[PDB]
Amino acid sequence: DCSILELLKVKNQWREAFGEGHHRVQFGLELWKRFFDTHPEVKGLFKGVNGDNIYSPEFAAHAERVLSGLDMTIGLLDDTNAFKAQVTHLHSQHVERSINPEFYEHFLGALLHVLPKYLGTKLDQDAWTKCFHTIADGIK
Ligand code: HEM
């Protein structure tokens, strides 16, 4: 359901607050704070990156890596084969970590909760939901 109209919207909007430096840092931080707040239990999966301390340089690194992966896939939504190559790589990086697949819905929930702060009233939740599910399907 992530078709040309949706994927173009999500591209424009993602960059309309995909930034650099501190702007970027604060974003990932608010995303993971919201996620860890709504689902405390998920933190057990992040001990390798110091999930119990989201202000540590280590978890901050992780957060930034996640936004980059997001940036990479979102950018490849209109390029089927390039997209496939990258998510398959993301799949490899999530596959032996025993991630309960419902967690992806909650990650989406967090992301939609924090995006209004950088997009205001313009956030297109439908387009975002459809295209995120394409990405998550790939990762799973
Ligand atoms: C679109 C959604 C997501 C994207 C783009 C994404 C992206 C990434 C990226 C880029 C890494 C770094 C991998 C590396 O360099 O080794 C990573 C690691 C990881 N992700 Fe995700 N991720 C997503 C969703 C999730 C969700 C929903 C969970 C769990 C509920 C999760 C759990 C993990 C874990 C446990 C790691 C490894 C942490 C470690 O290094 O110990 N991810 N992810």
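Residues 2 to 141 in the entry's author numbering are what the sequence shown spells out, letter by letter. Each residue gets a CB set at the ideal place from its N, CA and C atoms; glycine is no exception.
Looking only at 76, 32, 109, the smallest Cα-Cα distance to residue 56 is reached by 32.
Your pair residue 10 and residue 128 checks out as a contact, with CB atoms roughly 4 Å apart and the cut at 8 Å. Rounded to the nearest angstrom, the gap between the Cα atoms of residue 6 and residue 12 is 10 Å.
At a Cβ-Cβ threshold of 7 Å, residue 67 and residue 140 do not count as neighbours.
Between ligand 1 and the CB of residue 66, the shortest heavy atom gap is smaller than 6 Å.
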